[PDB]
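A.B. asks:
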Amino acid sequence: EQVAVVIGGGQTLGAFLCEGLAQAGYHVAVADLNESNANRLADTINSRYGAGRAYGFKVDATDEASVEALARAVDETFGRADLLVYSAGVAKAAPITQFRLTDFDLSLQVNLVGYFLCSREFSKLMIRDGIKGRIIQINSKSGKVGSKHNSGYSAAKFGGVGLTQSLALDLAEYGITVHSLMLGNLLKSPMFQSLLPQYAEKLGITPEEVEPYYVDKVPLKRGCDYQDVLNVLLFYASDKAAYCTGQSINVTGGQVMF
Amino acid sequence: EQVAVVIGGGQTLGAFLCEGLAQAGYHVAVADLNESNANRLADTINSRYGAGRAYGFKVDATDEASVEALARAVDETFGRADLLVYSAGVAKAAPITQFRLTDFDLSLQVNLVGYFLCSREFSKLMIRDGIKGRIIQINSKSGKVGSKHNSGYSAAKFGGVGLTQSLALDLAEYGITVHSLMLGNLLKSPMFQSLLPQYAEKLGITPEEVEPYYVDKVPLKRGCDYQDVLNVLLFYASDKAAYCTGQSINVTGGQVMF
Amino acid sequence: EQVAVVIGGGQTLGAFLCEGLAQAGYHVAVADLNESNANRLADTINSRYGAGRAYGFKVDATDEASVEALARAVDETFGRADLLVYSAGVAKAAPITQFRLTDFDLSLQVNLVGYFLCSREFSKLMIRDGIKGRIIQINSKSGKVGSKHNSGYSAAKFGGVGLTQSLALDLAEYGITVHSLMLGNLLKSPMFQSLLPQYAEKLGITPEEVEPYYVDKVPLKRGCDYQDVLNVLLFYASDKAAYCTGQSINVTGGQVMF
Amino acid sequence: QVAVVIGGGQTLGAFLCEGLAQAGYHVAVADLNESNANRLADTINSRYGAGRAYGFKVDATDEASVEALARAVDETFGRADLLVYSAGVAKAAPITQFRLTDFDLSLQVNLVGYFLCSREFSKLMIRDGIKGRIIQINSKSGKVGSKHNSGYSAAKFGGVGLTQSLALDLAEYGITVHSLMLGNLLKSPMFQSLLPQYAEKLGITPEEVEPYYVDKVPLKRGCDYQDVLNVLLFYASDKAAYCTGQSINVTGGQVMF
Ligand SMILES: [Cl-]
Ligand SMILES: [Cl-]
Ligand SMILES: [Cl-]
Ligand SMILES: [Cl-]
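Protein chains in written order, with the numbering used here: chain A, 604 to 861; chain B, 604 to 861; chain C, 604 to 861; chain D, 75 to 331.
Spelled out as structure tokens, the structure:
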């Protein structure tokens, strides 16, 4: 009977996790800024796995009223919340010298303030109902090791780790655990694929040589795929990981061991 | 059809893990300094899971001849080796001023040299058969933070981490992943129970208040259970954690979040 | 002939670092929200060290126009900049379920965006003039370990570590190094001294029990003092620490060793 | 103030002995090669004069030897203020070919010797009420596991663990303890001799080994003996009294955790 709320649910990784959770037997609130994508995914889940397994919702995670309204809506639809997945954030690269304040502010709003607001709202619902819940943030190796030309992304992602640990400490007395998943490069993803040019120029190499460059830094000699993320998420979300909380869990093929 | 070799399988945590592995489907090589405890545990698994599921072996993991003979005995018994679990080590508490060399040396032998020997012999078997195998070390929060009056235990357990990371780097090309599990206090274990009077003094409090003193340091407000151990182990040993290697996985109720 | 700019130089710790830097032989730009505080401390410094040693400047580090003007003002005044010290931001406590967005937001502006603006604008000066400069941020043990009831503060202080590492990588090619200093508790701060009541309440004990309570957490059995900060600051700002960059330097009396 | 340097009779260790004396320390220069320790202390004695440095023999892996060094320094100098532990050399092999004797040796030299020398010299500090300093020379391989160097990594990570436990045990006596996590000392004789192996370890020509490692480092150079000496002096000083139990990176930004 568990309910999963996925912020950033309407596309790519977030959308897969939504389908993955549904396949695992959760009911899913697909929540996105693009309501049309949210509802289109919810219908696809329902076509694939049965009636009423998902519902689509609009939220701007950066806005307090919007977050409050989503939580009200989710409660009205499903009556409980068990698992919050927060998926958001896109790195915009520039040397510190030329990094815009608007971009830095955006990174902070989308990766930190939205994470805060969604966590605060859904933990309240978990507490109300005596639910030993789970909060899982999608994060990055960039939240473990500073990324050259990506100060806004690293600052925001490091910050995510700090928030995950404060939330874990605040929420432990209610049986809610909180983690951040520190993902390696989703090399075949549409986002990674579209930046192969930009990487080529930062690294001084050809677009076609970028994926081998990054593969070669991974001990297991391959990039991360969405199923790697889902599988880790599933375990940490489950009752079997009840004694783990506040962690930065690496999913990096061994590239990060700290 | 996988085989798990559990070094330290004859008693307490290690026995619990052998049984749990068998519950999960594994054939189990119960390996132990006490061959009699090992053979008896194997008998118990066989009556519960069917003939030939488990066999007992003698090993002294500090002795190279003994470990090489264990790996040959496992190979002759089962087709193969898929998971190595290394479970050994008990802390001895003394201020550095009084710490004996013999005990420091023994902490290294048992916690580190044995881990190295077992990893070495069993990895050659995995490599021989092209098995995408698993090596899992039982370690401690004292391998994440040095522990007062436990210099020997901390040196050895931090050591185990370094070994894990090196082994992960050496074997990744063969699809073998390597992890350390950084356990909290196993408050219910017979060892922990026996030491209540010694910790009572060392702290400056009664025996009865020890468990609550250590429980209070934990955000989740309980001790580590054998089941928590087995849960985490089974995940990292599974094909669902194929993109994780070289890690220090905390199982601490949020006491350790770095 | 080096010039130090200290943001938040007009009182308490910032004021102590300004004096300490003048003593070490620096020209000091005292930058603060309170311009009269900035000017008077600079007068004190010139009354001891000679006219034109120190100048006071107004800055709102959270405002881009105010930071960009500060940089123009310092350049007009001293003609160069060698060391940026960013010393800003305070702790506001409340469990996540009552923690306000305004405060979370303010924490990010003061602790993080100010640090990004100041680093941006003074790095450009350092680059222009070919200076192998230093950027040092005042951070907290709360940027190493998440703080119960202090989500806004931990998020922002961890985010500072991330910004420090990305800065370091962006600026390495120019011989500029960047560090974050992870301070323990400044128990004899006015700040800390005035908050004894709240910690008393939060923890459940008389205000007279509060300093003892935090002391006993430190292995060195001492609170952090301003001179420890200065000491470490001076070393990492020196040409002796040229091969160190991107570091989170603990100044914690052994409370934090990771 | 007296400094004891283990492994002081050669290379980085020698460098450190010359630097501490220049910085104003009385040096007890201690090595397995007693001939080296004796003449480095006279190399030192022909610059800073006489009675400065003294050469002692020690097999840091041997309890008797280490305890005899501790009684001898107390006779020679009357006190101990700083212990520098400088030993250990990496032997490379894939785990599958790694010899036990080599693993055992790495632990004895890198970890057991550090334990023994910290134990003995810390007693001498406690006796004379000294708020002293124990500093270990370690490596980035004590921060991140090194491929084909299981022995060296296990040992060097071990040393961090020991550093932290020591710090916690010795804090009530005002003694601080740290490990220095060094980058590659590219010009050292050791590094220079092993370029062919590193070259065949990585599938490069020898001459292209150093630039392959320099390119890894955000500051774009190797670690220098002087970077080591600079950090040691700071953490060895009373200015660093509030720092203990740390792993201090000296890696040009290659390691930031
Ligand atoms: Cl945990
Ligand atoms: Cl990983
Ligand atoms: Cl560094
Ligand atoms: Cl510290």
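Yeah, the Cβ is synthetic: ideal placement off N, Cα and C, and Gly gets one too.
Along chain A, which residues have their Cβ under 9 Å away from the Cβ of B/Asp831?
C.D. replies: Translated into positions along the second sequence, residue 831 of chain B becomes position 228. In chain order: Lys843, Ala844, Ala845, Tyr846 and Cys847.
A.B. asks: Going by the CB atoms, is the gap between C/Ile741 and C/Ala840 shorter than 8 Å?
C.D. replies: Position 237 of the third sequence, counted from the first residue, corresponds to residue 840 of chain C. Position 138 of the third sequence, counted from the first residue, corresponds to residue 741 of chain C. No, they are not a contact pair.
A.B. asks: At a CB-CB cut-off below 9 Å, which residues of chain B make contact with C/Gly749?
C.D. replies: Mapped onto the third sequence, residue 749 of chain C falls at position 146. Chain B residues near C/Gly749: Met860.
A.B. asks: How far does the beta strand (DSSP E) with B/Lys791 in it reach, from first residue to last?
C.D. replies: By one-based count along the second sequence, residue 791 of chain B stands at place 188. Counting along the chain, B/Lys791 falls outside any beta strand (DSSP E), and DSSP gives it neither H nor E.
A.B. asks: Would you decide whether C/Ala645 is buried or exposed? Buried here means 16 or more other CB atoms lie within 10 Å of its CB.
C.D. replies: By one-based count along the third sequence, residue 645 of chain C stands at place 42. Burial call: buried.
A.B. asks: Listing by chain order, which chain C residues have their CB less than 7 Å from the CB of A/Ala684?
C.D. replies: If you number the first sequence from 1, residue 684 of chain A lands on position 81. Those do not exist, as A/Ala684 stays about 14 Å from chain C at its closest Cβ, beyond 7 Å.
A.B. asks: Closest Cβ-Cβ distance between D/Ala161 and chain C: below 8 Å?
C.D. replies: Working through the fourth sequence from its first residue, we reach residue 161 of chain D at position 87. No, D/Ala161 does not count as interfacial toward chain C.
A.B. asks: What does the Cβ neighbour count give for D/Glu92, buried or exposed, with the cut at 16 atoms within 10 Å?
C.D. replies: Mapped onto the fourth sequence, residue 92 of chain D falls at position 18. That one is buried.
A.B. asks: Run through the region 305-331 of chain D for me and flag every whole beta strand (DSSP E) of 3 or more residues, listed as ranges in chain order.
C.D. replies: You should have 320-324.
A.B. asks: For A/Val713 versus A/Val608, is the C-beta spacing smaller than 8 Å?
C.D. replies: Here the question's residue 713 of chain A lines up with position 110 in the first sequence. Here the question's residue 608 of chain A lines up with position 5 in the first sequence. Not a contact, by the Cβ cut-off of 8 Å.
A.B. asks: Is DSSP giving A/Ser726 helix, strand or coil here?
C.D. replies: The count along the first sequence starts at 1 and reaches residue 726 of chain A at position 123. Helix.
A.B. asks: Using a beta-carbon distance cut-off of less than 9 Å, what residues from the region 717-736 of chain A approach chain C?
C.D. replies: If the cut-off is 9 Å between Cβ atoms, the region 717-736 of chain A has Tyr718, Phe719, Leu720, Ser722, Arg723, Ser726, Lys727 and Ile730 near chain C.
A.B. asks: Any heavy atom of ligand 1 within a distance shorter than 7 Å of the CB on B/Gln830?
C.D. replies: Locating residue 830 of chain B in the second sequence gives position 227, where the first residue counts as 1. Answer for B/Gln830: no, Cβ out of range of ligand 1.
A.B. asks: A/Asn642: which of A/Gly612, A/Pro800, A/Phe619 and A/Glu671 sits nearest, CA to CA?
C.D. replies: By 1-based counting over the first sequence, the position of residue 642 of chain A is 39. Closest by alpha carbon: A/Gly612.
A.B. asks: So is C/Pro815 in contact with chain D if we call contact Cβ pairs under 8 Å?
C.D. replies: Counted from its first residue, the third sequence places residue 815 of chain C at position 212. Output row for C/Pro815: interface = no.
A.B. asks: Considering only their Cβ atoms, is the gap separating A/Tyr689 from A/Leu766 smaller than 8 Å?
C.D. replies: Within the first sequence, residue 766 of chain A is the residue found at index 163, counting from 1. Within the first sequence, residue 689 of chain A is the residue found at index 86, counting from 1. Not closer than 8 Å, so no.
A.B. asks: Any heavy atom of ligand 1 within a distance shorter than 7 Å of the CB on A/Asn642?
C.D. replies: Here residue 642 of chain A corresponds to residue number 39 of the first sequence, with the count starting at 1. Checking every heavy atom of ligand 1 against the Cβ of A/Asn642, none is found closer than 7 Å.
A.B. asks: If we cut at 8 Å on Cβ distances, does A/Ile699 have a partner in chain C?
C.D. replies: Walking along the first sequence from the start, residue 699 of chain A turns up at place 96. Cβ-Cβ to chain C under 8 Å: yes for A/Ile699.
A.B. asks: Check whether the Cβ of B/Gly682 lies closer than 7 Å to any heavy atom of ligand 1, and answer yes or no.
C.D. replies: Start at 1 with the first residue of the second sequence, and residue 682 of chain B comes out as number 79. No, the beta carbon of B/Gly682 sits no closer than 7 Å to any heavy atom of ligand 1.
A.B. asks: Using the beta-carbon of each residue, find all residues closer than 7 Å to any heavy atom of ligand 4 and list them in chain order.
C.D. replies: Going along the chain, the residues that qualify are C/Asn853, C/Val854, C/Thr855, C/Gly856, C/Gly857, C/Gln858, C/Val859, C/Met860, D/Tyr316, D/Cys317, D/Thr318, D/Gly319 and D/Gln320.
A.B. asks: Could you spell out the range, first to last residue, of the alpha helix (DSSP H) harbouring B/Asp708?
C.D. replies: Taking the first residue of the second sequence as position 1, residue 708 of chain B is located at position 105. Taken as a continuous stretch (DSSP letters only), the alpha helix (DSSP H) holding B/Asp708 covers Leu704 to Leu711.
A.B. asks: Applying the criterion that 16 or more other CB atoms from any shown protein chain within 10 Å of the CB defines a buried residue, is D/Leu276 buried or exposed?
C.D. replies: The count along the fourth sequence starts at 1 and reaches residue 276 of chain D at position 202. When all chains shown are included, D/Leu276 counts as exposed.
A.B. asks: Let me know the secondary structure DSSP gives D/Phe89 once reduced to three states.
C.D. replies: Counted from its first residue, the fourth sequence places residue 89 of chain D at position 15. Looking at D/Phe89 - three-state DSSP - the assignment turns out to be helix.
A.B. asks: Can you give, in chain order, each stretch of the beta strand (DSSP E) that sits fully within the region 677-706 of chain C and has at least 3 residues?
C.D. replies: The region 677-706 of chain C contains these whole beta strand (DSSP E) runs: 686-689.
A.B. asks: Considering Cα atoms alone, identify which of D/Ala167, D/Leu156, D/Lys261 and D/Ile322 is closest to D/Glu194.
C.D. replies: Position 120 of the fourth sequence, counted from the first residue, corresponds to residue 194 of chain D. It is D/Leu156.
A.B. asks: Can you have a look at D/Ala138 and say buried or exposed, based on whether 16 or more other CB atoms are within 10 angstroms of its CB?
C.D. replies: The residue you call residue 138 of chain D lines up with position 64 of the fourth sequence. Exposed, by the Cβ-count rule.
A.B. asks: Using a Cβ-Cβ cut-off of less than 7 Å, give me the residues of the region 756-775 of chain A that come near chain B, in sequence order.
C.D. replies: The region 756-775 of chain A vs chain B, Cβ under 7 Å: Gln768, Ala771, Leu772 and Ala775.
A.B. asks: Output the boundary residues of the alpha helix (DSSP H) element that contains A/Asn640.
C.D. replies: Taking the first residue of the first sequence as position 1, residue 640 of chain A is located at position 37. Note, A/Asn640: alpha helix (DSSP H), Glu638 to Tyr652.
A.B. asks: Could you check the C-alpha separation between D/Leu254 and C/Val835 for me, to the nearest Å?
C.D. replies: By 1-based counting over the fourth sequence, the position of residue 254 of chain D is 180. By 1-based counting over the third sequence, the position of residue 835 of chain C is 232. Straight-line Cα distance between these residues: approximately 16 Å.
A.B. asks: Please report the distance separating the alpha-carbon of C/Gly778 from that of C/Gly736.
C.D. replies: The count along the third sequence starts at 1 and reaches residue 778 of chain C at position 175. The count along the third sequence starts at 1 and reaches residue 736 of chain C at position 133. When rounded, the distance between both Cα atoms is 7 Å.
A.B. asks: Show which residues of chain D have a CB atom less than 7 Å away from the CB atom of B/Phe702.
C.D. replies: Residue 702 of chain B sits at position 99 when you count from the first residue of the second sequence. Chain D residues near B/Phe702: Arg193.
A.B. asks: Hey, is C/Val662's beta-carbon within less than 8 Å of any beta-carbon in chain D?
C.D. replies: Translated into the one-based positions of the third sequence, residue 662 of chain C becomes position 59. Cβ-Cβ to chain D under 8 Å: no for C/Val662.
A.B. asks: Could you tell me the alpha carbon to alpha carbon distance between C/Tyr756 and A/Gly755, rounded to whole angstroms?
C.D. replies: As a first step, residue 756 of chain C must be located in the third sequence, where it is residue number 153. As a first step, residue 755 of chain A must be located in the first sequence, where it is residue number 152. Roughly 18 Å between the two C-alpha positions.
A.B. asks: Taking a contact to mean a Cβ-Cβ separation below 8 Å, would you say C/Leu786 touches C/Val832 in this structure?
C.D. replies: The residue you call residue 786 of chain C lines up with position 183 of the third sequence. The residue you call residue 832 of chain C lines up with position 229 of the third sequence. Yes, they are a contact pair.
A.B. asks: Can D/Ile169 and B/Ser726 be called in contact, C-beta distance under 8 Å?
C.D. replies: The residue given as residue 169 of chain D occupies position 95 in the fourth sequence. The residue given as residue 726 of chain B occupies position 123 in the second sequence. Yes, they are a contact pair.
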